[PDB]
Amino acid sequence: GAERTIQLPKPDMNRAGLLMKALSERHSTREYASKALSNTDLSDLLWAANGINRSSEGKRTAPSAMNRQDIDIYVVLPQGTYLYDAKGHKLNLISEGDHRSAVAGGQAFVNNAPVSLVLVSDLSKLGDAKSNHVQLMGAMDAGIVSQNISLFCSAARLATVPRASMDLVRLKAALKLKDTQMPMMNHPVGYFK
């Protein structure tokens, strides 16, 4: 069955790709090559999204409210759903099997991407999970991470689209989410077709 930990290679924090060109070419794509992302590309993508960029401080590529670091990245692959661990550049298995449909919700195109990243805010890290103000903070934090992903994909020539739509009942189950974890956004990612 699925590996309980996928060890990804060290991210290449010096990878080619101009920011300004990444901004110019930043766009949503809803069609994907079928092939899996290389582990190099998946590693670099995850570090860009919300990796540790200052080791001694444990701080991240993505800012967060009060440095609470509330956004977790779940990685939904055909063989299983994993949770990104930035401290080890590794993925820890959450649930076996293919849960892309849960990410897709009503949009079938999403199942065509070889991987989806799901941005889930752990609202308890921010305050009262039932507070609208706390939710708005988590939402802001998710958008921050989303644009790291979109820009990385543009620089790296990967297809992606930021999405808010998903089947929350099936996704809660698939990602084994607590009631205080709120899925905010997701990103199907693949090579261009």
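Start at 1 and count along the sequence shown; that's the residue number.
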Compare the mean C-alpha B-factor of 75-83 with that of 104-112 as given in the PDB entry, and name the stretch with the higher value.
104-112
Which listed residue, 158, 65, 151, 145, has the largest C-alpha temperature factor in the record?
65
Can you tell me whether residue 171 has a C-alpha B-factor in the lowest, middle or highest third compared with the other modelled residues of the same chain?
lowest
Can you tell me whether residue 8 has a C-alpha B-factor in the lowest, middle or highest third compared with the other modelled residues of the same chain?
highest
Entry-reported Cα temperature factor of residue 41, expressed as the chain third it lands in
lowest
Based on the deposited C-alpha B factors for this chain, I'd like to know if residue 28 is in the lowest, middle or highest third.
lowest
Could you look up the Cα B-factor of residue 185 in the entry and say which third of the chain it sits in: lowest, middle or highest?
lowest
